[PDB]
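Single chain ahead, by itself, as structure tokens, in the form solved without the ligand.
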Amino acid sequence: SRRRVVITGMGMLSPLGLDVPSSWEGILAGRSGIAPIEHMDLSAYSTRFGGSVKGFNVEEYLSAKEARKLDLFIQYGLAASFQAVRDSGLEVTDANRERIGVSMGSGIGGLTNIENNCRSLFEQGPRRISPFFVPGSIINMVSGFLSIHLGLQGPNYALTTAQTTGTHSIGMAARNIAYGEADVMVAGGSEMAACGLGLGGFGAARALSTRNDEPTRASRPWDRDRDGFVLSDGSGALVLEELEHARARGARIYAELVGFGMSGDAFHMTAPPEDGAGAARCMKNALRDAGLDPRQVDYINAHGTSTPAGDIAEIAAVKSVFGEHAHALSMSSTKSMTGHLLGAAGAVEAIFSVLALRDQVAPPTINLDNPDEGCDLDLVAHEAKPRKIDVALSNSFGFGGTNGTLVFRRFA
């Protein structure tokens, strides 16, 4: 029968920090991680800024010899995973290594690497493609390389569900533990899509904010002057652990993961439905999975991408699910500060959701100067709000009409 799942370790790279604590300090202080991109010439692009990881030192984690072989998304994924495992205090042994797995996901994985090897192929020919190109670029190699370095012989896999990837990765890893397929899972996601193909591709779809002259104000979820999402890089990893296994070894437990929902919109390849029907189905699945009265929800970390259609869909979904209680809970988008980490958005946001529970504080939606038509909930505009939070919900939506919800609550 179904076992309980707790969070015993967390790790992160974000535009606000090279770990969880430094990232969280920025979240609570309403700091923006968004800046003109310096690694390349974006003068031909309609968007020239995003959320870069600043000062990442791969030699805190990996040999320069291994690092050279791996795309930044894999480097970021491993850094976050190592942080999480260290933070858990878990010791891997011959006694438990078959029961510890990994589910670290990505939207596109090694797009920089693919672009660079494409450049080689077109300018020089196939003989200049790296021998490390495939294992260094494909999405499942965070899971792969992590398992190799730590000796994890449990379930080893990777999700790719676009902007929903991190939430799905965490939820399904929890199910692995819940149903007895593993006792421990490292789960989350990593993204580094800030190359010509990523900024170009989202640019061609007009999905990105073009506020090049004021990048820290670009990401403004529910604000009437929003004009698309801000592209950001990084990684979130959590150590998920069966409750009795955590109690047995004396683990510090951050919070309990009580609920997971998925649903398909079955609406459109890229646009969410205006009424938030699929998002509402997903949150209800998750609240029923957690055995909760919806009025128990104190805080929602919204998907909150700063797109016109996405942001209003979410208000509509929240109003439909929570009715009058929609006015009592706090909902915020940390994407106001971090931008949109795509495959990693759900993973960093699950971590902010857990910290919202630890510190009893709703992070702000910065840049929310003029809430749009119908965006009349407590959206924690401008400044962090200390408040009672027993239950926190993290939403993600993505291309293909793919929805995820995670429900966390305090553990004592």
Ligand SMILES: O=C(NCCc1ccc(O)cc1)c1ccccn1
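In case it trips you up, residue 1 is the first one in the sequence shown, and so on.
The same protein also exists as the form solved in complex with the ligand; that form is not shown, yet it is the one meant from here on.
The ligand is not shown here, and in the deposited bound form it never comes within 4.5 Å of any heavy atom of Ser330. In the deposited bound form, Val85 approaches the ligand with a heavy atom inside 4.5 Å.
Contact annotation: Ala326 falls outside 4.5 Å of the ligand in the deposited bound form, judged by heavy atom distances. Contact check for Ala255: every heavy atom lies farther than 4.5 Å from the ligand in the deposited bound form.
Shown alone, this chain has one stretch from 53-61, 346-354, 373-381, 27-35 that lies within 4.5 Å of the ligand in the deposited bound form by heavy atoms: 53-61. Of the residues in 144-162, only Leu150 comes within 4.5 Å of the ligand in the deposited bound form through at least one heavy atom.
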